[PDB]
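Here the structure comes first, spelled out in structure tokens, and everything after it is commentary.
Values in this text are rule-based calculations from the coordinates and carry no lab data. Here Cβ is always computed from backbone atoms with ideal geometry, including for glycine, and neighbour counts include all displayed protein chains.
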Amino acid sequence: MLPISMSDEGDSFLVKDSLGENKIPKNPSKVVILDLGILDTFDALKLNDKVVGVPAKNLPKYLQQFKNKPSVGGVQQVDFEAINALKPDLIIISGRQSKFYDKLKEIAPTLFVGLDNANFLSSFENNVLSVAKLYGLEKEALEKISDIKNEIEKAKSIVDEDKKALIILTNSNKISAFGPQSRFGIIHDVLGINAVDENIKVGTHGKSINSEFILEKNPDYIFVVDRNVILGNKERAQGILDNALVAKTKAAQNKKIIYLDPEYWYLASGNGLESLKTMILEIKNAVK
Ligand SMILES: O=C(NCCCC[C@H](NC(=O)c1cccc(O)c1O)C(=O)O)c1cccc(O)c1O
Ligand SMILES: [Fe+3]
């Protein structure tokens, strides 16, 4: 994935990313943000007053300080009319809104801050730094990035080299599996937790598996992202995994089936200076 590149043009930057090119003014004061992790970053960089629109339909519990910003809909149900009515000077999007890119760029310059699943930390840093550059806050952003590296090192320090993990997403009653370099890859790729299968095929919403597969892998840890919650259905991962196949795995026997908070993992707030920290601690605390 091409990183964000930025050239200083006096009162604006000429900015290039994976989706195209924009002239972005310095210090934009009317920013519509559709990536929840970058919204968390605005908070951490003390830029809350710059924000004028947020996806209130998908606003997590840890981002309720933005509850009174004007809504621009949800991460998937982008309210174009609301965005146009706000007359923003910058729109910030990630992978869920690439399909809306031309429509959004005609309203205002549109910055892409997608996380590269093959290069998580590199893309995270480039996203946070590129926002911080717009406001002259590179120093503060560097010191926060450095804190996150220290959390990563504390986390990696307690990881048991000989235990193995399987990441699953549950949707309806269906299970799908994710591996290294996936949208949840940071468990394997950044935090160094080994995988039951390093060779799982990457593909947005996953690799279809069943409880037999889980038992055959016999993971020490099962990390579960229950997409039922973000979609709103009845069926819990805890119910689907209450079977005697899964019951025999080392993870079930050691109570190391971990239900990760989907508002972080699924909504993918890994761009957040505080929300990424939270995610690292959540893994550390489950495996220490
Ligand atoms: O382009 C994406 N999805 C388009 C198809 C989704 C259609 C539809 N999705 C949702 O209802 C949905 C709602 C909120 C957040 C989501 O990630 C959703 O997939 C479904 O239920 O299958 C996408 C991109 C990056 C990451 C994702 O999770 C995506 O869903
Ligand atoms: Fe999705």
Residues other than residue 225 with Cβ under 11 Å of its Cβ, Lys/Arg counted +1 and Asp/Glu -1, net out at -1
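Dipole magnitude of the range 159-260 about its Cα centre, charges +1 at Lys/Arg Cβ and -1 at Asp/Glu Cβ only, in debye to the nearest 20?
That gives the range 159-260 a dipole magnitude of about 340 debye.
To make sure I understand, if each residue's beta carbon is the centre and we count other beta carbons within 10 Å, what order do 204, 278 fall in, fewest to most? Don't skip to the answer; put the middle values down first.
Working: 204 10, 278 15.
So the ranking, lowest neighbour count to highest, is 204, 278.
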Counting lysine pairs in the range 159-260 that sit 8 or more positions apart or on different chains, with Cα atoms under 19 Å apart, gives 23
Final fewest-first order of 145, 24 on the 10 Å Cβ neighbour count is 145, 24
Quick calc: nm separation of the 7 Å Cα→Cβ label points for residue 16 and residue 234 -> 5.5 nm
Going fewest to most other Cβ atoms within 10 Å around each Cβ, 138, 21 line up as 21, 138
Length-normalised contact order of the chain, Cα under 8 Å, at least 6 apart, in percent, tallies to 18 percent
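When a/c reaches 1.5 or more, the comparison of a/b and b/c decides; with that in mind, is the range 159-260 rounded, prolate or oblate per its Cα gyration tensor?
On the way: a/c = 1.64, a/b = 1.16, b/c = 1.42.
Oblate.
Averaging sequence separations of C-alpha pairs under 8 Å and six or more residues apart, then dividing by the length of the range 193-288, give the relative contact order as a whole percent.
It comes to 27 percent, rounded to a whole number.
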Restricting to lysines and to Cα separations under 17 Å from residue 154, and discarding same-chain partners fewer than 8 apart, the set is 144, 277, 284, 288
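With charges only on Cβ, +1 for K and R and -1 for D and E, what is the dipole size of the chain about its Cα centre, in debye, rounded to 20? Before the final figure, lay out the partial values.
Numbers: 38 positive and 38 negative charges, 139 e Å.
Dipole about the Cα centre, nearest 20: 660 debye.
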Among 215, 98, 28, the residue whose Cα sits farthest towards the positive end of the charge dipole of the chain (+1 at Cβ of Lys and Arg, -1 at Cβ of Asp and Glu, taken about the Cα centre) is 215
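Mind pulling the per residue volume of the convex hull built on the Cα atoms of the range 1-115? Å³ is fine. Mind showing how you got there, number by number?
On the way: hull volume 11.3 nm³, N = 115.
Spelled out: Cα convex hull of the range 1-115, divided by residues, is 98 Å³.
Scan the range 227-282 for trypsin sites (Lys or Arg not before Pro) in coil per DSSP, keeping those whose Cβ has at most 11 other Cβ atoms within 10 Å, and list them by number.
Details: sites: 227, 234, 236, 248, 250, 255, 256, 277; in loops: 227, 234, 236, 248, 255, 256.
Those satisfying the criteria are 234, 255.
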The ratio Rg/Rh over the Cα atoms of the chain, Rh being the Kirkwood inverse mean 1/r radius, stands at 0.99
Counting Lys and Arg as +1 and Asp and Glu as -1 over every other residue whose Cβ sits under 12 Å from the Cβ of residue 172, the net charge comes to +2
Taking a crude spin-label model, label points 7 Å out from Cα along the C-beta direction, the residue 278 to residue 87 distance in nm is 3.5 nm
